Amino acid sequence: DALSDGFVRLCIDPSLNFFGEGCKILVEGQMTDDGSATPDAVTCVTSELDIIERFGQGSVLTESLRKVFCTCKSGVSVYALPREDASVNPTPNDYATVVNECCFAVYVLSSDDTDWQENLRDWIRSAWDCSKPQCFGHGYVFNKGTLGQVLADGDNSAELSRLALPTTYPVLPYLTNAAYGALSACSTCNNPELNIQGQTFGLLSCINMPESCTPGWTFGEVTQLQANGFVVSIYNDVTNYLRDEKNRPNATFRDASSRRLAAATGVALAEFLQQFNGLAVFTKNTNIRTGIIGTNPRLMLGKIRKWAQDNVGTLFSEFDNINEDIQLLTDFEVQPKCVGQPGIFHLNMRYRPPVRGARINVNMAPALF
Amino acid sequence: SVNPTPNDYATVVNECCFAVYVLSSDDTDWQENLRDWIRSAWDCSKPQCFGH
Amino acid sequence: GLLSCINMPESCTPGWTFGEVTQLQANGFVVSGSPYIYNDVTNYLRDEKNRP
Amino acid sequence: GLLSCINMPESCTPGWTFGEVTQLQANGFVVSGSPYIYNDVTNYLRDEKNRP
Amino acid sequence: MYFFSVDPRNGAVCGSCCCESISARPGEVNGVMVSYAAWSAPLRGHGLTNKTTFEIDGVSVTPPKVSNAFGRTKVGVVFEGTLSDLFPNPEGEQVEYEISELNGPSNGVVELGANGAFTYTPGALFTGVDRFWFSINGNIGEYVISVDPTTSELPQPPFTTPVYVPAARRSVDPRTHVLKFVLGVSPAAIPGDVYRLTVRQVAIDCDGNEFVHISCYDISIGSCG
């Protein structure tokens, strides 16, 4: 049939898949033993077919991943950590063993227990530490309760996006939470600049909440939540930071967009610097010979600056004083020469998220003629 | 009458492509066999001259 | 879509009523209400996973 | 590559089937399906020892 | 000769966790030098000491197919042995045996019979231990014989591990902060296996105190160089 020869070889399959998966969200939640699968074991689940008898029918995880499996149609690689059960809330979980170097971008924890949330926080912040192996993860957790409680039941962590919910919210909390994370991932896991807010870029699809008149957090409470932190719905996709080491105002690490772009710059500079391996870096005579591949610390700083002067506008913003924001000091330079050793260098930059749009106060004042 | 199951379908009909197939029977087994056969005119390990 | 060479006796209550008709259609089974055919589809309702 | 003067008697079953063909296509041979020729290679598979 | 440099512990090849890499071929006995010069020179003192400690762990082992066997013959007397009850040959397979001439005996000669039989004639006027390496259908194992000086007996030595570091062949150069040691690989090491060697070297200050340092290297048993 003109296909006998052997040149073309066609497979007409409806359920094909070409996408380069990426986008490796993890979902954590308690389970019912109906799910035939080893607990405390990361399982990169497929689409629905391998369902409730894989994680536990009925239990929170079921609905959570259902919403997640929902939302995003294509783009993510869903991962599940089906924790087991036991004022009960069996949450204990110091488990950097089961989940390890294999790194996940988005995290969603369907449990209002402060301890579990804080443990996830610690794990993420550990991943986000100066330690040379990096993957730059981010989590999403929910938090119900009254205004006083919501405020009190919080922290400084900027590695989560703790969602606030009034004690009237019809939908079961964790549900929305999952959806939120889901959307974010599948949306931003290629473009980090995007920010999930407004109506078009962020409306949770799988919610279908019953409409009413009395919304929830009144305007005052809305301001309280927003300023303080939480991502009251969606609008204001910030990460509760509100502070810093000592001085409170640290606008930089407020938006999630800022955090994703910072991770992007980190991985870009990491995959870029690797062209300075081998090389040979003269540091005493600062005079490379003729015919030998080599570089000098000053030359390296020049290269770094040139680089940081191209990604500007797209990753960084303006670099006010380039002469000071980017500094490269050699081991021998800082340390008075007794404890110096060629090979060690110190680079320090100044991240400035590209300024975005915000409120536009209007003061239209009518008159006649 | 225990109707026959002419399962084989390999040698009976080799790669001789037919657009339409007309099975005249109610034997679920016979139907399943014809189904499997036609599920070979749409595989990968063949020139796949199809037919429904 | 007409099966002209059939010539079945006459209508009293043709086979499946509206409900059953719609049920089988949803289940992917062509219904023939001289009986004209309609929904000339095949018995395909789901892939490895995807139902719709 | 269509051998003109063979006028083979049209049939409905080949000799080498897909399997054994795929088999001796890795092994260099000149399998012929009138009958046309394809995979016009030589019986060369390996230099002194490094087969690929 | 492998030559590695230690990190001077300033938080300044992580690979998988930290440990370095060392390729190795089955049967070889190579040498490694590690330079603590970067770590012990700023700590102006009396250099290193001869108190290294080595530890071998396997992260990929591929449990052996054939098994080993012992022997306790006497001096001058011929020894007889079999080689059929070693390979469990689970699935019906030819039991073709072989004694590689590269790893034959050390003070004797074997006589491989027709069916896994072998006759070991120890060297006249010799009392001690001897080994040889057989290959039962591609899979390699060792046979150890202890020739006894006709008085009573001789103790039992330990069957050599696939990857090892000799008992006393390590050295330290306090004038250059260099540790020398040897890496021995058994011919029974299966290619593809991966072992981990961890070292704990102690330097010393001018007053007699200690400074500990710990590192690893991942030894990859690879075939064909």
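Residues numbered from 1 in each chain as written, not as in the entry; some residues may be left out. Chains lettered and ligands numbered in written order. Part of a larger assembly, values for the part shown. Heavy atoms only, no water.

Its PDB header names cryo-EM as the technique used to obtain the model and reports a resolution of 3.49 Å.

### Some remarks on the sheet that holds strand β7 (residues 117-122) of chain E
Residue and element names in this part refer to chain E. Ordered by their spatial adjacency, three strands build an open sheet running β5-β7-β6, and the pairing between neighbours is antiparallel. Edge positions in the open sheet fall to β5 (79-82) and β6 (108-109), since each of these has one partner strand only. Where β5 lies against β7, four bridges are found, and the strand directions are antiparallel. When the bridges of β7 are listed, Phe79 appears paired with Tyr120. (Pairing = 2+ DSSP bridges. Helix = DSSP H or I, 4+ residues; strand = E, 2+ residues; numbered from the N terminus.)

### A short note on empty space enclosed by the protein
Residue and element names in this part refer to chain A. Approximately 60 Å³ is the volume found for the largest cavity. Taken together, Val281, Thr283, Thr330, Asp331, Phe332, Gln341, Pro342, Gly343, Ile344 and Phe345 form the lining of the largest cavity. Partitioned by chemical class, the residues of the lining of the largest cavity number five nonpolar, four polar and one charged. (1 Å grid on protein atoms, 1.4 Å probe; cavity = no way out; pocket = protein on both sides within 12 Å on 5 of 7 lines; lining within 4 Å. Points joined across faces, edges and corners; volume = space filled by probe spheres on them. Nonpolar A, V, L, I, M, F, W, Y, C, P; charged D, E, K, R; others polar.)

### Some remarks on the interface of chain A and chain B
Facing seven residues of chain A, the contacting portion of chain B comprises eight residues. When the area that chain A buries against chain B is broken down by residue, the three leading residues are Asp1, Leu10 and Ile12 of chain A, summing to 51%. Applying the counting rule to chain A against chain B returns zero salt bridges. Split by residue class, the side of chain A that touches chain B holds four nonpolar, one polar and two charged. (Contact = heavy atoms within 4.5 Å. Buried area = accessible area lost by both parts, 1.4 Å probe. Salt bridge = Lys/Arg side-chain N within 4 Å of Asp/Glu carboxyl O.)

### Observations regarding the pairing of strand β3 (residues 29-35) of chain E
Residue and element names in this part refer to chain E. Counted residue by residue, β3 has five buried out of seven residues, so it is predominantly covered. One ladder, built from four bridges, connects strand β1 (residues 2-5) with β3; its direction is parallel. By the bridge assignment for β3, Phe3 is matched with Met33. Sheet topology places β3 next to strand β12 (residues 178-185); seven bridges connect them, and they run antiparallel. Each residue of the ladder has a partner; that of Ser35, found in β12, is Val178. (Buried < 20%, exposed > 50% of the residue type's maximum accessible area, 1.4 Å probe, protein only.)

### Some points on the arrangement of the chains
Among six pairs of chains with at least one contact, chains A and B form the most extensive contact set. What separates chain B from chain E at the closest point of their C-alpha atoms is a distance of 33 Å, and the two make no contact.

### Overview of the packing of aromatic side chains
A full pass over the atoms with the stated rule returns 24 aromatic pairs over all chains. Between the aromatic rings of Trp42 of chain B and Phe50 of chain B, the centroid separation amounts to 4.5 Å while the plane-to-plane angle is 45°, which identifies the pairing as tilted. Here the basic side chain of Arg83 of chain A rests over the ring of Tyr95 of chain A, its NZ or CZ set 3.9 Å away from the ring centre. (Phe/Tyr/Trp six-rings, centres within 6.5 Å; stacked < 30°, edge-to-face > 60°. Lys NZ or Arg CZ within 6 Å of the ring centre and 35° of its normal.)

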